[PDB]
Amino acid sequence: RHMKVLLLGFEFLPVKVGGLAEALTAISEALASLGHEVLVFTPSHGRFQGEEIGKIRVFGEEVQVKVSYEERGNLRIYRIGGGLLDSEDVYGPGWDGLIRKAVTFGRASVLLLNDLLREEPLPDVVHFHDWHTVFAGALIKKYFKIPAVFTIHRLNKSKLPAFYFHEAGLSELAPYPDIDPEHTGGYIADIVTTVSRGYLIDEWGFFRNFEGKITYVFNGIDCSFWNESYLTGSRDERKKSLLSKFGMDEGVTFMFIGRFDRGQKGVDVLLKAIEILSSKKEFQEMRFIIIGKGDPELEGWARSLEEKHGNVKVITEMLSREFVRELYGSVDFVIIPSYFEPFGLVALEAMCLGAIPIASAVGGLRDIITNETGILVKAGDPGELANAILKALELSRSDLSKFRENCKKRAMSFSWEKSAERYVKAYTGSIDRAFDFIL
Amino acid sequence: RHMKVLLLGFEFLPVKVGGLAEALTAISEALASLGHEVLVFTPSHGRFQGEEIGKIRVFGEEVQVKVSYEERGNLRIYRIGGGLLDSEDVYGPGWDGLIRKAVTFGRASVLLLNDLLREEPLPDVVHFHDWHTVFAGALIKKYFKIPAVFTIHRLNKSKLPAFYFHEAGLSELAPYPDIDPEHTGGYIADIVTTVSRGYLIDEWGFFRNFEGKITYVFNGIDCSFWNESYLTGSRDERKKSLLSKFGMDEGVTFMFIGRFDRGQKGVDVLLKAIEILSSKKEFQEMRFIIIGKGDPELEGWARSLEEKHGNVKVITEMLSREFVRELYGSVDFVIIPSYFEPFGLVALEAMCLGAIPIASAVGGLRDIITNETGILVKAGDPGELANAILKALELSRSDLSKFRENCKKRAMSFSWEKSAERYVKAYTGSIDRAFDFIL
Amino acid sequence: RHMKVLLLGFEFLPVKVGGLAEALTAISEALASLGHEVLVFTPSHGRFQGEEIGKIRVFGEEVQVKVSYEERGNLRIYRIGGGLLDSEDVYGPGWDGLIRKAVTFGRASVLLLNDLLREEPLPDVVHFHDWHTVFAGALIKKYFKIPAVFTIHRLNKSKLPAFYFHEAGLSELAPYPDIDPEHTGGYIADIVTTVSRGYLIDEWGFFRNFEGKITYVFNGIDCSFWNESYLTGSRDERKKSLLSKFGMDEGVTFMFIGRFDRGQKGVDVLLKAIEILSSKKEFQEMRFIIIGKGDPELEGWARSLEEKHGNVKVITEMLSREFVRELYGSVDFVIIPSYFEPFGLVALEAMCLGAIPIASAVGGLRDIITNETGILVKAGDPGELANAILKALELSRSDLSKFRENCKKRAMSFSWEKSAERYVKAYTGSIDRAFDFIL
Ligand SMILES: O=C1CO[C@H](CO)[C@@H](O)[C@@H]1O
């Protein structure tokens with residue numbers, strides 16, 4: 001039954017950059033709750049000031065390794081400091097520093113584990129996440145010979161000069177002048193995983209190289225927070241109240257939240273879709289809340305539509321989670337026009353608070369959304385999005401209470417416990433995997 | 001101690017071409033009797049109609065894979081249908097039909113395992129039997145990386161085109177235009193086994209290639225089934241009753257139960273042996289029952305002797321295992337004049353039920369039969385076979401009850417439990433093996 | 001754990017050549033006491049009666065293998081005879097003969113393990129000691145695929161011709177014309193160990209080749225025997241009684257217990273130091289007892305000093321093991337001027353009995369002797385040894401009583417039990433090791 005897991009993560013709470021830190025801490029906590037002893041190795045990034053445990057040679061220079069320690073139940077956390085690991089720029093400083101930081105983290109992890117084997121047994125598996133932890137996972141695999149699992153949360157698609165592999169003591173893994181560290185991590189790993197079944201299919205051109213040892217393991221949502229119990233009144237009352245705060249009157253309400261960028265979150269597709277619809281008679285029946293920032297040309301374009309249309313509103317700030325929870329619980333639909341999506345947490349967050357997703361049929365959004373829980377659409381096509389929005393409006397005159405209930409039931413099925421239980425399977429190879437010849 | 005075993009066989013009761021089906025069923029039940037969890041994959045051959053579990057691409061076409069499930073204690077059987085696996089011709093249709101049936105068995109077996117691994121732990125070993133299951137054994141070894149034991153029940157000694165290894169997804173196993181699948185099986189296996197010590201010596205020219213990881217595991221005999229307790233009355237009473245059934249009076253009885261072919265079970269040597277004795281005076285004081293079929297020329301020749309003499313009978317139709325038991329318990333002797341013999345399951349069936357075997361001194365028959373439990377003869381020689389039959393008629397006057405009693409006691413020592421116990425040793429490597437330098 | 005251990009050693013009590021025989025027996029019994037099943041294979045060296053267990057081919061010749069069996073609780077000892085294994089010359093006969101004997105031990109060990117695996121499980125680890133057993137270790141690892149651990153007690157630093165590896169069935173381990181068998185033993189080993197941290201450091205030029213899988217495991221000492229409890233009277237009484245036997249007065253007594261012709265114990269350093277001290281006034285307070293025998297030139301030098309000084313005593317006759325215990329337990333200081341010392345059992349024997357060691361700072365003597373337990377000197381320097389002896393007379397202020405108490409505490413902590421436990425960590429790989437980048 002019970003196992004001893006070594007989890008290598010390049011970021012961990014309270015260090016927060018993207019969504020990974022939160023994701024790895026949830027996995028690590030969930031594993032611990034199942035009764036597994038979980039050890040976490042992660043850089044301190046200048047957040048913690050630990051005790052000096054030893055010295056290592058890295059890039060022809062001496063470096064004193066420091067360690068900060070926390071223990072919560074079966075979870076044991078180690079923040080490793082020393083050299084570039086004390087640099088606050090989590091993914092830095094610069095492309096050069098980040099790679100050196102990853103290499104130092106690799107040799108520091110071997111030092112720390114080596115000291116632990118002085119008083120305790122070898123871990124059953126080494127679970128390492130993303131290309132930044134590859135040097136650590138490769139080194140631990142190389143010397144201690146324990147099973148390795150590699151999880152890719154998002155493909156970076158970029159090669160590193162052979163130089164950095166030679167310095168990490170992994171020369172044999174660098175037979176060419178440049179190496180993709182995600183290909184190297186998949187090569188040395190026993191089982192490779194990714195965060196959705198759809199993303200695995202979308203990026204098969206790459207994942208194909210690990211046919212028969214590549215699988216999917218879904219992330220989870222904490223619908224202990226994302227939940228309607230924190231909201232008061234009925235949905236209509238909440239929706240009428242929210243719209244008053246925005247300075248709009250009653251209408252079918254659509255919501256976008258995300259970065260304003262190109263070929264990514266698709267706010268540009270949404271904006272063109274609003275322009276297409278603006279000539280239709282049923283446009284003045286629709287309400288649009290667009291939240292986020294980034295590309296200032298897209299922010300200006302977004303602010304032009306707010307200026308030209310009283311039923312469109314834009315907010316270029318990062319709102320709190322409490323305020324976003326109330327937004328998901330008030331709006332009718334959430335629009336997710338992504339060009340690609342590894343998982344799609346925004347969908348789950350909206351679905352748990354009863355908002356109906358209209359999303360691009362890409363990556364994990366295909367796995368999350370179904371016929372009876374939302375609308376999928378062809379990605380990168382404003383006309384087809386505008387048409388999906390028109391179809392969402394006719395639905396709205398019917399009782400959508402069944403749609404909303406199905407969303408809440410489904411979203412809550414994506415638990416972190418289910419996610420953890422399935423990693424335990426991957427750790428022993430007792431798991432299914434992707435084969436090209438299965439139809 | 002206890003292990004999850006995945007057993008791959010091409011033949012399984014109630015499907016029955018030769019003694020292979022009975023061998024694989026008994027092994028599987030014996031493994032299960034010892035407390036081990038045994039999963040059997042085997043083709044349906046059109047005898048079982050099952051539920052679809054998915055689809056696979058094989059030879060550029062979509063093939064629907066179906067499964068029929070039977071649970072019987074710790075033994076779990078999966079008859080796999082789809083494409084040529086639905087063909088009623090077990091070892092066909094023809095040479096190429098059998099090969100692509102074997103390739104289909106490979107990818108279908110991966111699909112089923114992949115699906116089982118979605119809700120259960122990975123098996124500790126894969127035990128695959130004869131060259132027909134090599135595609136399945138190799139694929140499961142390649143991807144799932146579990147220990148593999150290859151057991152050869154009969155050596156076919158031929159090569160398949162590389163085309164079929166390419167189509168099976170095993171290009172790295174076919175570096176020439178034509179490939180012996182028995183060499184491939186041995187190569188990729190951790191421990192190779194055959195069904196007797198005598199056959200290992202006889203075919204050392206081949207087995208020599210896997211020196212250091214090659215051994216023998218004797219087949220057994222289900223003396224709980226093959227027993228005189230199911231029969232009633234005395235032996236002479238059953239003997240007289242059976243002889244009168246085919247329209248013959250009392251007299252010493254010899255039996256043959258084997259497939260009609262040129263250089264295998266030796267029906268050609270028996271028929272010519274009968275022609276030598278027909279000129280002699282003792283022929284009228286002898287009875288013959290020649291059960292089997294196959295080759296048209298030999299079928300006509302066996303049929304011709306039946307027409308000439310009211311002394312010889314021939315049965316071509318499918319006899320039950322219950323009726324074959326009754327024949328063994330009635331007849332005085334059993335002739336087993338094979339050119340080669342991997343084991344000799346007919347020998348132990350005859351001996352356990354009381355009949356005295358007359359066998360060729362080849363392969364497993366040397367291990368089974370001794371001077372105190374039967375008559376050994378030079379293989380491929382009709383003269384010495386005829387000579388041994390006359391020596392059998394000399395003993396028929398003497399109460400040879402010790403032959404019958406020593407046969408019973410000797411046959412009982414070859415239990416399937418011992419065979420099962422010894423296969424468990426093979427699965428972990430804890431078994432003795434043949435070395436080139438060990439004389 | 002309760003693992004099953006197969007231990008390989010070229011000598012084993014009662015066959016004594018160096019210290020290896022006693023050191024392996026103590027390791028084996030300690031493991032047996034901790035509840036592990038231990039199997040020892042060792043050559044008979046023409047000493048013990050055995051029964052034949054089969055034949056092997058070596059060097060184009062047929063050899064009859066013989067075995068003697070001894071059982072002692074959980075310890076099971078197999079002394080393997082046959083061919084050159086019947087040679088009484090332990091490390092012979094001659095250099096070529098010794099290599100052939102070592103090769104014969106390889107194929108004979110494979111034959112014995114092969115027969116044992118007919119009726120018992122495969123051992124969990126193969127633990128082989130020094131280069132003489134590398135043909136056995138490598139062959140067992142090759143065929144049976146079980147975890148290997150290679151312990152170096154002493155480095156011989158020579159290369160053997162490729163011929164011998166080809167005859168041992170290990171052609172793949174000899175791609176060059178000449179091969180260092182100590183390199184070969186580490187390469188094929190999963191974890192390599194050596195008998196001290198200090199000797200690991202001294203020979204890092206060699207051990208660095210197995211960086212990441214090389215570690216140390218100290219030898220031990222039997223403080224059930226080397227104990228003051230057996231000695232009657234106080235230490236003062238014993239020393240005075242000792243000095244009157246040898247015909248001297250009271251004084252600070254120094255002792256040397258080592259074989260002269262064993263150059264590696266620097267008795268010539270001591271003798272020169274005594275000459276340096278003889279011109280000093282405080283020499284008349286010193287008493288010396290040199291024990292051992294060897295070179296006529298060196299014995300003459302010792303017996304010359306014995307003649308010139310009533311201070312000095314030279315004993316060449318073979319002493320009792322009980323008597324040597326009483327010497328350690330009544331002298332003040334023991335001098336160990338070794339040029340090198342992988343462990344330093346003599347220092348522990350003195351310390352466990354209260355004698356304060358004055359020793360060369362080489363190999364395991366650095367690990368055994370601390371500032372609170374004894375005196376470390378620069379190796380091979382008579383002048384620095386003379387100073388150490390002078391400094392010792394100052395400590396003879398009566399506060400060397402705490403030195404003796406510290407020595408007994410420290411000596412006892414080097415038990416064979418603690419050594420056996422750390423080897424068990426080595427067999428699983430759950431142990432700290434030496435890395436190149438850990439400074
Ligand atoms: O000689 C034989 C060879 O194959 C089978 C074993 O799989 C036996 O049943 C048969 O008697």
# chains A, B, ... in the order shown; residues from 1 in each chain; ligands from 1

$ interface_residues --of "chain A" --to "chain B" --cutoff "9 Å" --atoms "only C-alpha atoms" --output "list in words"
residues 211, 212, 213, 425, 428, 429, 430, 431, 432, 433, 434, 435, 436, 437, 438 and 439 of chain A

$ residues_around --residues "region 46-52 of chain B" --least-positions-apart "3" --cutoff "6 Å" --atoms "only C-alpha atoms" --output "MDAnalysis selection string"
chainID B and resid 65:68 86:88

$ calpha_fit_rmsd --fixed "chain A" --moving "chain B"
2.3 Å

$ atom_distance --atom1 "CA of residue 223 (chain A)" --atom2 "CA of residue 412 (chain A)"
6.3 Å

$ residues_near_ligand --ligand "ligand 1" --cutoff "6 Å" --atoms "only C-alpha atoms and all ligand atoms" --output "number ranges by chain"
B: 19-20, 23, 153, 341-346

$ write_last_selection --atoms "N, CA, C and O atoms" --output "PDB file, in the first residue's frame"
ATOM      1  N   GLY B  19      -2.220 -31.697 -27.385  1.00  0.00           N
ATOM      2  CA  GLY B  19      -2.087 -31.738 -25.927  1.00  0.00           C
ATOM      3  C   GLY B  19      -1.733 -30.396 -25.302  1.00  0.00           C
ATOM      4  O   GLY B  19      -1.720 -30.265 -24.073  1.00  0.00           O
ATOM      5  N   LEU B  20      -1.446 -29.402 -26.144  1.00  0.00           N
ATOM      6  CA  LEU B  20      -1.064 -28.067 -25.685  1.00  0.00           C
ATOM      7  C   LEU B  20      -2.158 -27.416 -24.844  1.00  0.00           C
ATOM      8  O   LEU B  20      -1.878 -26.874 -23.773  1.00  0.00           O
ATOM      9  N   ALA B  23      -2.278 -28.858 -21.478  1.00  0.00           N
ATOM     10  CA  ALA B  23      -1.083 -28.466 -20.739  1.00  0.00           C
ATOM     11  C   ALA B  23      -1.235 -27.070 -20.136  1.00  0.00           C
ATOM     12  O   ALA B  23      -0.972 -26.869 -18.947  1.00  0.00           O
ATOM     13  N   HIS B 153       6.928 -25.486 -26.108  1.00  0.00           N
ATOM     14  CA  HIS B 153       6.285 -26.801 -26.033  1.00  0.00           C
ATOM     15  C   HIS B 153       6.635 -27.691 -27.229  1.00  0.00           C
ATOM     16  O   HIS B 153       6.659 -28.914 -27.115  1.00  0.00           O
ATOM     17  N   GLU B 341       9.726 -36.159 -29.361  1.00  0.00           N
ATOM     18  CA  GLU B 341       8.672 -35.981 -28.363  1.00  0.00           C
ATOM     19  C   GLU B 341       9.068 -34.978 -27.278  1.00  0.00           C
ATOM     20  O   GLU B 341       9.808 -35.321 -26.359  1.00  0.00           O
ATOM     21  N   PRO B 342       8.570 -33.732 -27.375  1.00  0.00           N
ATOM     22  CA  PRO B 342       8.849 -32.731 -26.344  1.00  0.00           C
ATOM     23  C   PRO B 342       8.505 -33.174 -24.918  1.00  0.00           C
ATOM     24  O   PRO B 342       9.258 -32.868 -23.991  1.00  0.00           O
ATOM     25  N   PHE B 343       7.386 -33.876 -24.747  1.00  0.00           N
ATOM     26  CA  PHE B 343       7.014 -34.420 -23.441  1.00  0.00           C
ATOM     27  C   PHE B 343       6.439 -35.834 -23.548  1.00  0.00           C
ATOM     28  O   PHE B 343       7.142 -36.803 -23.269  1.00  0.00           O
ATOM     29  N   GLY B 344       5.176 -35.952 -23.955  1.00  0.00           N
ATOM     30  CA  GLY B 344       4.498 -37.248 -24.023  1.00  0.00           C
ATOM     31  C   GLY B 344       3.355 -37.352 -23.029  1.00  0.00           C
ATOM     32  O   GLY B 344       3.319 -38.258 -22.195  1.00  0.00           O
ATOM     33  N   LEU B 345       2.410 -36.424 -23.137  1.00  0.00           N
ATOM     34  CA  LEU B 345       1.261 -36.367 -22.234  1.00  0.00           C
ATOM     35  C   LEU B 345       0.373 -37.605 -22.392  1.00  0.00           C
ATOM     36  O   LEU B 345      -0.285 -38.027 -21.440  1.00  0.00           O
ATOM     37  N   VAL B 346       0.369 -38.190 -23.589  1.00  0.00           N
ATOM     38  CA  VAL B 346      -0.356 -39.438 -23.839  1.00  0.00           C
ATOM     39  C   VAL B 346       0.206 -40.575 -22.977  1.00  0.00           C
ATOM     40  O   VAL B 346      -0.551 -41.420 -22.486  1.00  0.00           O
TER      41      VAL B 346
END

$ closest_residue --among "A:277, A:340, A:15, A:29" --to "residue 155 (chain A)" --atoms "only C-alpha atoms"
A:340

$ residues_around --residues "residue 279 (chain C)" --least-positions-apart "6" --cutoff "12 Å" --atoms "only C-alpha atoms" --output "count of residues only"
3

$ residues_around --residues "residue 147 (chain B)" --least-positions-apart "4" --cutoff "7 Å" --atoms "only C-alpha atoms" --output "PyMOL selection string"
chain B and resi 125-126+190

$ write_last_selection --atoms "C-alpha atoms" --output "PDB file, in the first residue's frame"
ATOM      1  CA  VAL B 125       5.632 -11.673 -14.714  1.00  0.00           C
ATOM      2  CA  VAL B 126       4.536 -12.502 -18.250  1.00  0.00           C
ATOM      3  CA  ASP B 190      14.640 -13.514 -19.060  1.00  0.00           C
TER       4      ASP B 190
END

$ select_by_dssp --residues "region 129-227 of chain A" --states "strand (DSSP E or B)" --output "tab-separated table (two decimals) with N, CA and C atoms, in the first residue's frame"
chain	number	residue	atom	x	y	z
A	129	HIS	N	8.94	17.51	-11.98
A	129	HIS	CA	7.98	18.27	-12.78
A	129	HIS	C	8.64	19.36	-13.62
A	148	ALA	N	11.73	6.65	-11.89
A	148	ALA	CA	11.52	8.07	-12.15
A	148	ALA	C	10.24	8.31	-12.95
A	149	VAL	N	9.47	9.31	-12.52
A	149	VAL	CA	8.27	9.74	-13.23
A	149	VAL	C	8.42	11.22	-13.59
A	150	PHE	N	8.20	11.54	-14.86
A	150	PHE	CA	8.33	12.90	-15.37
A	150	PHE	C	6.96	13.45	-15.76
A	151	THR	N	6.56	14.55	-15.13
A	151	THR	CA	5.30	15.22	-15.45
A	151	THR	C	5.58	16.54	-16.16
A	152	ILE	N	4.99	16.71	-17.34
A	152	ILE	CA	5.08	17.95	-18.09
A	152	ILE	C	3.76	18.70	-17.95
A	160	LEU	N	18.72	23.61	-25.07
A	160	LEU	CA	19.83	24.16	-24.29
A	160	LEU	C	21.16	23.68	-24.88
A	161	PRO	N	22.18	24.56	-24.91
A	161	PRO	CA	23.51	24.13	-25.37
A	161	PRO	C	24.04	22.94	-24.57
A	178	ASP	N	23.04	20.95	-29.22
A	178	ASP	CA	21.87	21.48	-28.51
A	178	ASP	C	20.92	20.34	-28.16
A	179	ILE	N	20.33	20.40	-26.97
A	179	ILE	CA	19.43	19.35	-26.49
A	179	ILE	C	18.14	19.95	-25.91
A	191	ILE	N	8.02	6.28	-16.48
A	191	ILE	CA	6.71	6.72	-16.97
A	191	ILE	C	6.71	8.24	-17.13
A	192	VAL	N	6.18	8.71	-18.25
A	192	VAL	CA	5.98	10.14	-18.49
A	192	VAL	C	4.49	10.44	-18.38
A	193	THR	N	4.14	11.58	-17.80
A	193	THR	CA	2.74	11.99	-17.73
A	193	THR	C	2.53	13.44	-18.17
A	194	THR	N	1.29	13.76	-18.51
A	194	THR	CA	0.88	15.14	-18.74
A	194	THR	C	-0.50	15.36	-18.13
A	214	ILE	N	3.93	6.99	-21.95
A	214	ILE	CA	3.33	8.31	-21.78
A	214	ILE	C	1.86	8.12	-21.40
A	215	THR	N	1.40	8.86	-20.39
A	215	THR	CA	-0.02	8.82	-20.00
A	215	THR	C	-0.50	10.20	-19.55
A	216	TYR	N	-1.76	10.29	-19.16
A	216	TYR	CA	-2.32	11.55	-18.66
A	216	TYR	C	-2.78	11.39	-17.22

$ closest_residue --among "B:175, B:106, B:233, B:354" --to "residue 134 (chain B)" --atoms "only C-alpha atoms"
B:106

$ select_by_dssp --residues "region 163-320 of chain B" --states "alpha helix (DSSP H)" --output "ChimeraX atom specification"
/B:163-167,181-188,197-202,204-207,235-245,267-278,296-308

$ residues_around --residues "residue 40 (chain A)" --least-positions-apart "6" --cutoff "12 Å" --atoms "only C-alpha atoms" --output "PyMOL selection string"
chain A and resi 4-13+24-25+27-29+31-32+67-72+74-80+109+112-113+123+126-129

$ write_last_selection --atoms "C-alpha atoms" --output "JSON list (two decimals), in the first residue's frame"
[["chain", "number", "residue", "atom", "x", "y", "z"],
["A", 4, "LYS", "CA", 7.92, 7.01, 0.02],
["A", 5, "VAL", "CA", 7.84, 9.69, -2.68],
["A", 6, "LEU", "CA", 10.52, 12.24, -3.59],
["A", 7, "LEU", "CA", 8.84, 15.17, -5.37],
["A", 8, "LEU", "CA", 11.12, 17.60, -7.25],
["A", 9, "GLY", "CA", 9.40, 20.93, -7.95],
["A", 10, "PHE", "CA", 11.06, 24.12, -9.14],
["A", 11, "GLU", "CA", 8.43, 26.18, -7.32],
["A", 12, "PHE", "CA", 6.31, 25.45, -4.26],
["A", 13, "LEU", "CA", 4.11, 27.52, -1.93],
["A", 24, "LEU", "CA", 2.49, 20.93, -6.86],
["A", 25, "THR", "CA", 1.54, 21.75, -3.25],
["A", 27, "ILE", "CA", -0.49, 17.08, -5.28],
["A", 28, "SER", "CA", 2.04, 16.87, -2.43],
["A", 29, "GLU", "CA", -0.62, 17.45, 0.23],
["A", 31, "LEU", "CA", -0.36, 12.21, -1.50],
["A", 32, "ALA", "CA", 0.37, 12.85, 2.19],
["A", 67, "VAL", "CA", 18.52, 23.91, 3.74],
["A", 68, "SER", "CA", 15.30, 25.16, 5.34],
["A", 69, "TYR", "CA", 13.00, 22.45, 6.72],
["A", 70, "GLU", "CA", 9.26, 22.21, 7.41],
["A", 71, "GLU", "CA", 7.15, 19.18, 8.37],
["A", 72, "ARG", "CA", 3.35, 18.94, 8.11],
["A", 74, "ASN", "CA", 3.47, 12.96, 6.27],
["A", 75, "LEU", "CA", 4.77, 15.83, 4.10],
["A", 76, "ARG", "CA", 8.42, 16.86, 4.59],
["A", 77, "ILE", "CA", 9.54, 20.02, 2.75],
["A", 78, "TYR", "CA", 13.13, 21.05, 1.93],
["A", 79, "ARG", "CA", 13.89, 24.52, 0.52],
["A", 80, "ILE", "CA", 17.45, 24.32, -0.84],
["A", 109, "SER", "CA", 19.52, 17.67, -4.53],
["A", 112, "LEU", "CA", 20.83, 16.51, 0.35],
["A", 113, "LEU", "CA", 19.41, 13.08, -0.52],
["A", 123, "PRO", "CA", 12.59, 6.68, -1.67],
["A", 126, "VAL", "CA", 11.39, 10.30, -7.81],
["A", 127, "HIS", "CA", 8.57, 12.41, -9.25],
["A", 128, "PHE", "CA", 9.93, 15.51, -11.03],
["A", 129, "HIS", "CA", 7.98, 18.27, -12.78]]

$ residues_around --residues "residue 382 (chain A)" --least-positions-apart "4" --cutoff "9 Å" --atoms "only C-alpha atoms" --output "list in words"
residues 268, 269, 270, 271, 272, 273, 274, 276, 386 and 387 of chain A

$ write_last_selection --atoms "C-alpha atoms" --output "PDB file, in the first residue's frame"
ATOM      1  CA  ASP A 268      -8.348  38.981 -29.722  1.00  0.00           C
ATOM      2  CA  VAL A 269     -10.748  36.330 -31.076  1.00  0.00           C
ATOM      3  CA  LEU A 270     -13.361  37.384 -28.502  1.00  0.00           C
ATOM      4  CA  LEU A 271     -12.972  41.073 -29.394  1.00  0.00           C
ATOM      5  CA  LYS A 272     -13.460  40.394 -33.125  1.00  0.00           C
ATOM      6  CA  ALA A 273     -16.458  38.176 -32.261  1.00  0.00           C
ATOM      7  CA  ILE A 274     -18.044  41.108 -30.382  1.00  0.00           C
ATOM      8  CA  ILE A 276     -19.205  40.719 -35.667  1.00  0.00           C
ATOM      9  CA  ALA A 386     -19.914  34.707 -32.428  1.00  0.00           C
ATOM     10  CA  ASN A 387     -22.234  31.945 -33.656  1.00  0.00           C
TER      11      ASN A 387
END

$ atom_distance --atom1 "CA of residue 357 (chain A)" --atom2 "CA of residue 336 (chain A)"
7.2 Å

$ atom_distance --atom1 "CA of residue 90 (chain A)" --atom2 "CA of residue 17 (chain A)"
7.6 Å

$ residues_around --residues "region 370-379 of chain A" --least-positions-apart "5" --cutoff "7 Å" --atoms "only C-alpha atoms" --output "PDB file with C-alpha atoms, in the first residue's frame"
ATOM      1  CA  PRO A 337     -11.282  31.170 -26.471  1.00  0.00           C
ATOM      2  CA  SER A 338      -7.832  29.615 -25.944  1.00  0.00           C
ATOM      3  CA  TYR A 339      -5.599  28.576 -28.860  1.00  0.00           C
ATOM      4  CA  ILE A 356     -21.690  27.699 -18.235  1.00  0.00           C
ATOM      5  CA  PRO A 357     -18.454  27.496 -20.273  1.00  0.00           C
ATOM      6  CA  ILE A 358     -18.227  28.398 -23.976  1.00  0.00           C
ATOM      7  CA  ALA A 359     -14.707  27.231 -24.819  1.00  0.00           C
ATOM      8  CA  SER A 360     -12.288  26.352 -27.615  1.00  0.00           C
ATOM      9  CA  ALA A 361     -12.121  22.629 -28.374  1.00  0.00           C
ATOM     10  CA  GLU A 384     -17.701  30.547 -35.144  1.00  0.00           C
ATOM     11  CA  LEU A 385     -17.363  31.994 -31.622  1.00  0.00           C
ATOM     12  CA  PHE A 403     -26.868  22.772 -17.388  1.00  0.00           C
ATOM     13  CA  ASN A 406     -24.362  19.206 -14.377  1.00  0.00           C
ATOM     14  CA  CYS A 407     -21.424  21.646 -14.394  1.00  0.00           C
TER      15      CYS A 407
END

$ closest_residue --among "A:319, A:252, A:231, A:305" --to "residue 393 (chain A)" --atoms "only C-alpha atoms"
A:252
